[PDB]
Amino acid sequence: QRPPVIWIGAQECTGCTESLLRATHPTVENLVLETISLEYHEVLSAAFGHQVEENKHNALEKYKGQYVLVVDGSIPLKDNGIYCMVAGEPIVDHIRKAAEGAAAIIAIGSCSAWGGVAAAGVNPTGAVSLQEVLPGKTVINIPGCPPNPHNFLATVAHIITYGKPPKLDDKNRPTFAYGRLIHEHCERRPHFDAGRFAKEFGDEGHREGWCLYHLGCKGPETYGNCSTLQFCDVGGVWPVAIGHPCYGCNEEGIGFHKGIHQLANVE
């Protein structure tokens, strides 16, 4: 038997699910056939409608106290929950019901971790984080927009293999992935130190791989593993290595708040 997972999307863009389709360890096919039993996921489920709601209800009962609950997207509280309705009920109700029997609860992505883009600006829907809707529960936050999928997958694997979550920081983020500032482990730090800065995309410094601080890099104020784990497992691929500043998408108050070219504060 494989450990059960229930995945509910709230105000999600599906990018966090899509991250799984880039993963290699495990690939999404090995995740769903070998690693876990994905008991509810609306993107992939054969069943729809009343049949898939029956699957969820049956799984919540059969696996009570055993499943990992995962949520992507923010949860909208304005106007009594009506900005996300599934099977005629506010998604916040579905989430609180599923949370009652969960062994572990994960907020995958910046939206569920801290509200993310959906809670930015004027916040039209009163979008909030998963932790905000589950005050009695310890929610493990795996931020990023979307995170590298293995930030999630190795968190799940730690729960499965060793029986507990990975070590967390004071935002309940796994330290293996979020324990250090990007700027405190960035390969362009020597250029920062020397005052070697790209000033515009396509300029001479930019075309030599110089530091992107003066383009608005938010590496100095964003915790993450983007410079080390990077993305897609091909080698050498993260925003800064491709030539664009970090936007701070991991980090509340940075991504989706600060402008791309706004300068970060440096510690």
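One rule holds for the numbers: they count along the sequence shown, beginning at 1.
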Check your understanding: Looking at the entry, does 54-62 or 31-39 show the higher mean C-alpha B-factor?
Key -> 54-62
Check your understanding: Would 135-143 or 69-77 have the larger average of its C-alpha temperature factors, as given in the entry?
Key -> 135-143
Check your understanding: Based on what the PDB entry reports, which of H94, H150, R180, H191 has the top C-alpha B-factor?
Key -> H94
Check your understanding: Which one of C186, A103, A154, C111 shows the biggest C-alpha B-factor in the PDB entry?
Key -> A103
Practice item. Using the B-factors in the PDB entry, rank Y162's C-alpha atom against the chain and give the third, lowest, middle or highest. Key: highest
Revision key, fill the gap. On the chain's distribution of Cα B-factors, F176 falls within the third called lowest
Practice item. Just say lowest, middle or highest third for the CA B-factor of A107 relative to the other modelled residues in its chain. Key: lowest
Review point. For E221, does the deposited CA B-factor place it in the lowest, middle or highest third of the chain?
Key: middle
Revision key, fill the gap. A99: CA temperature factor from the record, placed by chain third, in the highest
